[PDB]
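Novice: Using only what follows, build the 3D model:
(2 chains, ligands or ions: 2)
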Amino acid sequence: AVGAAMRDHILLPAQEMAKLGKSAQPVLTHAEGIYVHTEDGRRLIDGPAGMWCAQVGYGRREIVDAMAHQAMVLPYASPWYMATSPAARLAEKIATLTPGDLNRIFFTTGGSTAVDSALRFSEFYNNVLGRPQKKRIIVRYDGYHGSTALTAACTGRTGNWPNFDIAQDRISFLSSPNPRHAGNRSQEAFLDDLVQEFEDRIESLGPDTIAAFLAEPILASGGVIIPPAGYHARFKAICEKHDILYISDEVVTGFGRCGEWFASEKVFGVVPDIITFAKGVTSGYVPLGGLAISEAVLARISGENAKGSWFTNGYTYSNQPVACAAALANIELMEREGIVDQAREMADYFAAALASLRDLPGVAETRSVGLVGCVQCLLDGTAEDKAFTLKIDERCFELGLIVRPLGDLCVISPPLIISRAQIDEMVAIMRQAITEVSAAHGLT
Amino acid sequence: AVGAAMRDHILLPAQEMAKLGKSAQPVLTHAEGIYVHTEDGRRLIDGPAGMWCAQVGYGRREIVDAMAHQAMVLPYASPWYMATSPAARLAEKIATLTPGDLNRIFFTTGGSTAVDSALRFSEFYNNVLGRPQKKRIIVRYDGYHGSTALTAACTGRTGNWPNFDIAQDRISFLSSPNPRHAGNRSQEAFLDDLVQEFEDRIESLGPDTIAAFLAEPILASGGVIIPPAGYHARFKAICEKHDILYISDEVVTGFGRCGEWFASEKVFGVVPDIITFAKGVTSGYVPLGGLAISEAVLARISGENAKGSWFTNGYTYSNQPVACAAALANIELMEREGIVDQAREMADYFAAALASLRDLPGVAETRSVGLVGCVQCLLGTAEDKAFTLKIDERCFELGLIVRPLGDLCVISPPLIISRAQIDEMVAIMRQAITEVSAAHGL
Ligand SMILES: Cc1ncc(COP(=O)(O)O)c(C=O)c1O
Ligand SMILES: Cc1ncc(COP(=O)(O)O)c(C=O)c1O
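Specialist: Residues are numbered from 1 along each chain as shown, chains lettered A, B, ... in the order given. Ligands and ions are numbered 1, 2, ... in the order given. See the structure here:
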């Protein structure tokens, strides 16, 4: 009956239009800890933490109570005219966690709107500065920045492109900083070529035309792609030379995922100009997004430098008290129980548990940073491998584990509170699923 | 200290950059019924119902208990892979309330992303049909459709435009359908000119280049601008002639605001191809938006006609169980207490109460539809814009929030507002207009 309602009345994200009104999705009913349950009652490990969001897991009354209390007391105030305590205190809190002087926050309802607003900010910025040509955005193939028209245009995941008008002169794609595209080169020489590609792009487009460089610290939806060490710092140095805003998209990496509140500086060696965030900010309990903007950047277009300008960008649910109260409870809980510390302390055990799968003939590679990980499966990335990995994903589900299928990769990013025992349980399910499917494909 | 934290750590929507770090907003602390209260302890009527969203007003535990329950049980499920009861039941519920066959729903987190997705669909739709040139969007001056880069560019409120790269070749602006722009013409003849301008625009651009016509039924943020009667049906007929998708933006008008679940057909006489909604679907308790798409539209690009296409648009919080449970509880509460019927029955009284202000020398005009209305104040000019801001400020001091909008004071109260509370609201307005007028010498 729930399935019949989904089928007849919902348009799904990434819906195969040939199977519109015939599609089946598993029905989830309830959840606790790292676990979710089907309408059959069967318990499964939420390997992706929903969608890299459920940092503290499911069933935390602390977030729910703070949500409910604020919803009753004062659920809405217009952010154009009226201030609230939740928004004020949340912005104050996040300002203590960000690198450098990124101490002023603009709030949105999710990651796309935050990145959209970061990009609209880069426009505004250069317009106020009297640089109307300085508008272009530099991104990478395999990157993901959202699903608004502009943010999808900034998205390097080309599987999302068909039947959308993605290409435009404002946006230029650099190569994916994938270590396994290094070929006959060392990782250090591959990084040399990556960096040179960027400065060549700057030269051919003209620095005076480029507003922003937009980059996830690791390319999560691309398949947990970790740039060769030093990438972020080398690119930042180049941005600063040409006065190009570095927007680090920490929608996935932020709020504990890479063992830190923000991965940009502490893990990846970059102090960005802007950080975007979502997901983990509320542990996926309610929609919130936003962007932290550098004080020195804002000073150049405000005060005596304002030129009578007004930042006429904003959403109805920007600074919404309910979502901000929930996030505040989330962060306070994560602080209280050292959950960010927990993720940092579990990272090596996580990496090593995944690495024990490299034993298998079906496994090409495993990688990870913090508690985001990846198992690459090849028949030995062709079309045969994608279907093979899909069958592994399916077998994992049957044995009690949700993995996220990304082409030839099984992706896991579990709640940050996952134990050593639960990690091994997860891995043992993956091992069984890989072994059995590989046998049906003649791997020996 | 709350105001110190806003000052130093928050960038506001429409922030005056000359006053960044010095802007002070009144702090709201708590709310109940139609009222909200400031930090200083003053009680205020929420005249705009927040931002045309608080349909049932504040403190309804029905919505909050349903939020809390879902948040504990299953707060998140990935919309790409996993289904949920609240999302499914809510989509089913909305489908019973929309005009025509607008029976399939795509959820987003708000109004902008609903409209952004509607427009991305129009693009997807024509690409799947083998019509890659059929992409242009027709909108109107004074219209408002959002704050994403695409939806802002579709926004005809030119006050939002400076220092943003709004202009683009895909989007063309018609004249605002504003009755006070008729001049020497009758309202009917003015309507004839609006319709003719649209037809001429289609011919000038070429019909085969136009994907969508995007329009609020009434132009809310644009200044409670109600098109001459017949506008919507006549534009729709023209849309259908050229296979242009009529996208009716009911982000403000939807869920009771015009005395109806959806204003499009039952008030303004158009069955659209797509309806976008948000705000009042949850009574403002939690972010939710979405769009309702016509079954016939979708059939042309799905099933046998799919051409191996995949609608690869979607947000992480699409179909979010908590927002959908809140919305479902909101709608069910509105059904039980007949709140849509209440708003329909209160509209004439609301209209007449505002019209009692026309008495005043300072008041030029009042207009309304359903439970959205406005009062025009003149001494027009920027002097009148500063005059109206003063009236707004005096209203606040006397216990009423109004939305300032040029020379208009705009109200859109919770739909459960009583005759008594309407009178209270108007008495505050009357006092504030008489006081500011006398101080300006009138
Ligand atoms: C890195 C990154 N940025 C932006 C987004 C878009 O966020 P949302 O889907 O909440 O709009 C995503 C998607 O989760 C993302 O992974
Ligand atoms: C008619 C209309 N459409 C779209 C929007 C944008 O909605 P949101 O601010 O939730 O993104 C607005 C503002 O609420 C609106 O008034």
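
Novice: residue contacts, the residue nearest in space to the middle of chain A?
Specialist: Centroid-nearest residue in chain A: residue A:252, 2.5 Å away (criterion: C-alpha atoms, centre = their mean). The contact partners of residue A:252, taken as C-beta atoms under 8 Å, 6 or more residues apart in numbering or on different chains, are A:52, A:216, A:218, A:220-221, A:279, A:372, A:413. C-beta here means a position set from N, CA and C on the backbone, and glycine is covered the same way.

Novice: CSV for these, including secondary structure and distance to ligand 1?
Specialist: Below are the contacts of residue A:252 laid out as CSV (DSSP: H, G, I helix; E, B strand; the rest coil; distance: C-beta to the nearest ligand atom, whole Å):
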residue, secondary structure, distance to ligand 1
A:52, helix, 7
A:216, coil, 5
A:218, coil, 9
A:220, coil, 5
A:221, coil, 5
A:279, helix, 7
A:372, strand, 11
A:413, coil, 11
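
Novice: one step back: may I ask which helix or strand encompasses the residue nearest to the centre of chain A?
Specialist: Using DSSP states H and E, residue A:252 maps to neither a helix nor a strand.

Novice: Please determine how far it is located from residue B:189.
Specialist: Residue A:252 sits 57 Å away from residue B:189, going by C-beta to C-beta, to the nearest Å.

Novice: Let me know how buried the residue in chain A that ligand 1 sits nearest to is, in neighbour terms.
Specialist: When scored by C-beta to the nearest ligand atom, chain A has residue A:111 as its residue closest to ligand 1, at 2.3 Å. By other C-beta atoms under 10 Å in any protein chain shown, 33 other residues sit near residue A:111.

Novice: check whether the helix or strand harbouring residue A:44 contacts chain B.
Specialist: Take DSSP H and E as the rule and residue A:44 turns out to sit in strand A:43-46. No: contact of strand A:43-46 with chain B (C-beta under 8 Å from any C-beta of the partner chain) is absent, the minimum separation being 9.1 Å.

Novice: That strand pairs with which strands, parallel or anti?
Specialist: Partners of strand A:43-46 in the sheet, by DSSP bridges, are strand A:35-38 (antiparallel), strand A:401-402 (parallel).

Novice: List the buried residues of it.
Specialist: A:44-46 (16 or more other C-beta atoms under 10 Å in any protein chain shown).

Novice: quick check: domain ranges of chain A?
Specialist: A:1-59+A:338-444, A:60-337 (curated CATH domains).

Novice: And these: which comes nearest ligand 2?
Specialist: domain A:60-337 (3.3 Å).

Novice: Spell out which parts of the stretch 251-400 of chain A neighbour chain B.
Specialist: Residues of the stretch 251-400 of chain A lying near chain B (C-beta under 8 Å from any C-beta): A:278-279, A:283-287, A:293, A:298, A:301-303, A:305-320, A:322-323.

Novice: From those residues, keep the buried residues only.
Specialist: A:278-279, A:283-287, A:293, A:298, A:301-302, A:306, A:309-320, A:322-323.

Novice: Among those, which ones are in strands?
Specialist: By the criterion of DSSP state E, membership of these in strands covers A:293, A:310-311.

Novice: mind listing the helices for chain A?
Specialist: With DSSP state H as the criterion, chain A has helices at A:2-9, A:49-52, A:61-73, A:85-95, A:111-128, A:149-153, A:187-205, A:231-241, A:263-266, A:295-299, A:321-336, A:339-355, A:383-398, A:420-440.

Novice: For the second one, name the packing helices and strands.
Specialist: Using 3 or more C-beta pairs under 8 Å, 6 or more residues apart in numbering or on different chains; DSSP states H and E as the contact test, no helix or strand touches helix A:49-52.

Novice: and it, how far from the chain's centre?
Specialist: Put simply, helix A:49-52 sits 10 Å off its chain's centre (C-alpha atoms, centre = their mean, to the nearest Å).

Novice: Ok, the fifth one next?
Specialist: For helix A:111-128, the gap between its own C-alpha mean and the chain's C-alpha mean amounts to 18 Å (C-alpha atoms, centre = their mean).

Novice: So which residues on chain A come close to ligand 2?
Specialist: Taking C-beta under 6 Å from any ligand atom as the measure of proximity, chain A contacts ligand 2 at A:315-317.

Novice: from these, which is closest to chain B?
Specialist: Set against chain B, the nearest of the residues of chain A next to ligand 2 by C-beta to the nearest C-beta is residue A:317 (4.3 Å).

Novice: Residue A:55 contacts residue A:330, correct?
Specialist: Yes: in this structure, residue A:55 is within contact of residue A:330 by C-beta atoms under 8 Å, at 7.5 Å.

Novice: So for these two, which residue has more residues nearby?
Specialist: Neighbours per residue, other C-beta under 10 Å: of residue A:55 and residue A:330, the larger number sits with residue A:55, 33 against 28.

Novice: list the contacts for the more buried one?
Specialist: A:49, A:255-257, A:280, A:283-284, A:330, A:334, A:339, A:415-417.

Novice: can you rerun that using 10 Å?
Specialist: Residues near residue A:55 by C-beta atoms under 10 Å, 6 or more residues apart in numbering or on different chains: A:49, A:254-257, A:279-285, A:330-331, A:333-334, A:339-340, A:342-343, A:371, A:413-417.

Novice: about what we covered before: so which of the buried residues of strand A:43-46 would you say is closest to chain B?
Specialist: When those are compared against chain B (criterion: C-beta to the nearest C-beta), the nearest one is residue A:46, at 9.1 Å.

Novice: Up against ligand 1, what does the stretch 201-350 of chain A have?
Specialist: Contacts of the stretch 201-350 of chain A with ligand 1, taken as C-beta under 6 Å from any ligand atom, map to A:216, A:220-221, A:249, A:251-252, A:278.

Novice: Which among these count as buried?
Specialist: By 16+ other C-beta under 10 Å, these give A:216, A:220-221, A:249, A:251-252, A:278 as buried.

Novice: which of these sit farthest apart?
Specialist: A:221 and A:278 (13.3 Å; C-beta to C-beta).

Novice: Show me the common contact partners of the two, please.
Specialist: With C-beta under 10 Å, 6+ apart, residue A:221 and residue A:278 have common neighbours A:52, A:251-252.

Novice: any residues in contact with both of residue A:55 and residue A:330?
Specialist: Common neighbours of residue A:55 and residue A:330 (C-beta under 10 Å, 6+ apart) are A:255, A:280-285, A:339.

Novice: Adding mean neighbour count, write the strands paired with strand A:43-46 out as a markdown table.
Specialist: Output for the strands paired with strand A:43-46, formatted as a markdown table (neighbours: other C-beta atoms under 10 Å in any protein chain shown):
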| stretch | mean neighbour count |
| --- | --- |
| strand A:35-38 | 18 |
| strand A:401-402 | 24 |
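
Novice: what about the residue lying closest to residue A:274 once chain neighbours are set aside, how many neighbours?
Specialist: Spatial nearest neighbour of residue A:274, chain neighbours left out: residue A:247 (4.4 Å); criterion: C-beta to C-beta, 6 or more residues apart in numbering or on different chains. When neighbours are counted by other C-beta under 10 Å, residue A:247 registers 28.

Novice: likewise residue A:218?
Specialist: Counted with other C-beta under 10 Å, residues neighbouring residue A:218 total 27.

Novice: where does it fall, phi/psi-wise?
Specialist: With angles defined as degrees, to the nearest 10, residue A:218 sits at phi -130, psi 150.

Novice: List the contacts of it.
Specialist: Taking C-beta under 10 Å, 6+ apart, one finds A:177, A:224-227, A:232, A:250, A:252-253, A:257-258, A:263, A:267-268, A:367-370, A:372, A:374 in contact with residue A:218.
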